[PDB]
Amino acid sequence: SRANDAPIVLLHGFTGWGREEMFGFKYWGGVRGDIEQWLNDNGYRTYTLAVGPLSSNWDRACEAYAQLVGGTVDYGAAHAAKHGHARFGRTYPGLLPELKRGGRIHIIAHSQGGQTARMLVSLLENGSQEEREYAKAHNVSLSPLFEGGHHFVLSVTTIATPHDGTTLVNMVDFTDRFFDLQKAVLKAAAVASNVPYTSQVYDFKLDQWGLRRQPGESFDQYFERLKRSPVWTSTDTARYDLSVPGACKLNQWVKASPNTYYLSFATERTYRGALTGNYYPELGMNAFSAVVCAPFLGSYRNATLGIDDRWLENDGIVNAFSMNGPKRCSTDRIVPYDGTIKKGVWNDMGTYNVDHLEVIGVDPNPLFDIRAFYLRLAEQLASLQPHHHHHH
């Protein structure tokens, strides 16, 4: 039964766009429909965040914070100075000013969104010592996000999140293939990559880096430029955070708040080979991933990275092992869901037989009741109690 009225906020990964983008084709729903609408139609107030898909989780967290409460994005003086990008970014009206007044939210996150949501919680709750220290030392102002003390988040749910990174980054042609994945997703939405559309269509939101698709430029061409840009070559990137070492570094500081409930969903769409311990893409997996990424994921080992047989099972984009919660370079705790949802630890909800894109409806799969999945989830989140008392 319903113990909380908090709104839900959807958060995309290394691929994603706002509701008005991509000619209305939604990331949360894809060919299946409008997940946000379904949830709202069903009594679950839901909103959608849209942040830089290729940007660092930090940047995304800063973007999210402003998008939620409103204002100009502030990445932090220290950070900015460190990485060489703008301190201030775009301005938002603010989706939920109730947060400033004392409300809370449930964040449902997909892919790299998981990492972002985690970071956002940590920043809200703890701030950034490094940003505070930098402020006092250089006499610059400080965003509230870096102070600590915010209690905006009741829960964080992650679906197909590379909490320990993904070996996808280790392919020799990764750079080219990653961008081909963006093209695939455009394809899914009925958008071509070799057309210089005048309308924006997919805004990567690279204001901080001063990058934007130029008049007369196709996504194919733009992507060529992005590959040689700081959003691809610097450590302040999704690319870095997606990596095993990257995710490790992130886990080192991004911890679970004892005040927040976390839920994790894993995804897999592979089968185990006969004579080899390798995993292969199942029938139905999205074409792109099946041909281009899944073989690699299902067969790549690396002792120095600790990539062993456990990491081979995948959803075509991310290793299933890296999905139940941060384990590499982490103090976070993960507990198998047994019926009761626990606060301050990762409630591992299991593994579902759906691929990376099928789970958000961007790739079809008729045997996966996507509406039911998200509706059940909503019901769960709504059932969370603000507080607990010990009992037998």
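One rule holds for the numbers: they count along the sequence shown, beginning at 1.
Handout entry: 326 to 334 versus 353 to 361 - greater average Cα B-factor per the deposited record
Key = Result of the comparison: 326 to 334.
Problem - Given 298 to 306 and 103 to 111, the range whose Cα B-factors average higher in the PDB entry - result: So the stretch with the higher mean C-alpha B-factor is 298 to 306.
Problem - Highest-ranked of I159, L250, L226, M171 once sorted by CA temperature factor in the record - result: Highest C-alpha B-factor among the listed options: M171.
Handout entry: Residue with highest C-alpha B-factor in the PDB entry, from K205, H163, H138, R87
Key = In this record, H138 carries the highest C-alpha B-factor of the candidates.
Handout entry: Ranked against its chain, the third holding the CA B-factor of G30
Key = Middle third - that is where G30 ends up once the chain's C-alpha B-factors are sorted.
Exercise for the section: Would you check the entry's CA temperature factor for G210 and let me know if it's in the chain's lowest, middle or highest third? Expected result: It belongs to the middle third of the chain when residues are ordered by C-alpha B-factor.
Practice task
Check where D41 lands among this chain's C-alpha B-factors and tell me if it's the lowest, middle or highest third.
Solution key: According to the entry, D41 has a C-alpha B-factor in the chain's highest third.
Exercise for the section: Just say lowest, middle or highest third for the CA B-factor of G273 relative to the other modelled residues in its chain. Expected result: CA B-factor rank for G273: highest third.
Practice task
Report the third (lowest, middle or highest) to which the CA temperature factor of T116 belongs, ranking only the modelled residues of the same chain.
Solution key: It falls in the bottom third of the chain.
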